[PDB]
Amino acid sequence: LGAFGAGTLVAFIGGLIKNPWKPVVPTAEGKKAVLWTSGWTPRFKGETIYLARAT
Amino acid sequence: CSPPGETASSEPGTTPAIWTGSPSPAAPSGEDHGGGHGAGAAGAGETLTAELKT
Ligand SMILES: CCCCCCCCCCCCCCCC(=O)O[C@H](COC(=O)CCCCCCC[C@@H](C)CCCCCCCCC)COP(=O)(O)O[C@H]1[C@H](O)[C@H](O)[C@H](O)[C@@H](O)[C@@H]1O
């Protein structure tokens, strides 16, 4: 019963569990985690990111 | 507690230099090209201007 409950709970919750620190967002310094990177992170070295006003 | 990194009284700074962006190596596989033409020479393309002065 303990093993079955362990397996079932883990299989129930592992779908939800995700790594926050999986490098996914590309960056000039290689793929990085989402929290480190924002829209201002240069995708490639020397990229121009204008401070565009949102009309 | 205060955050480890704060405050800088010295080193007033400098005016940022004029930004000179670089062509995208990642987004563009190669170099973006403008006018298209046969250009049976070293290469001139489909864009050629000139200003005739006095
Ligand atoms: C007693 C049980 C002993 C086992 C402990 C289990 C905890 C250790 C986990 C071991 C696996 C880690 C290495 C390999 C795996 C790995 O790297 O995955 C990580 C995440 O680990 C997972 O897989 C899922 C984690 C499992 C959920 C565990 C639930 C809590 C347990 C401890 C409580 C129930 C046990 C019974 C006790 C309570 C009894 C009741 C009184 C990160 O995911 P990520 O790289 O972002 O990819 C995402 C894919 O995982 C993701 O499933 C997928 O859905 C995507 O969303 C994807 O993005």
# chains A, B, ... in the order shown; residues from 1 in each chain; ligands from 1
>>> interface_residues(of="chain B", to="chain A", cutoff="7 Å", atoms="only C-alpha atoms", output="ChimeraX atom specification")
/B:21-22,24,26
>>> residues_near_ligand(ligand="ligand 1", cutoff="7 Å", atoms="only C-alpha atoms and all ligand atoms", output="ChimeraX atom specification")
/A:5-7,9-11,13-20,22
>>> atom_distance(atom1="atom CA of residue B:50", atom2="atom CA of residue B:37")
18.3 Å
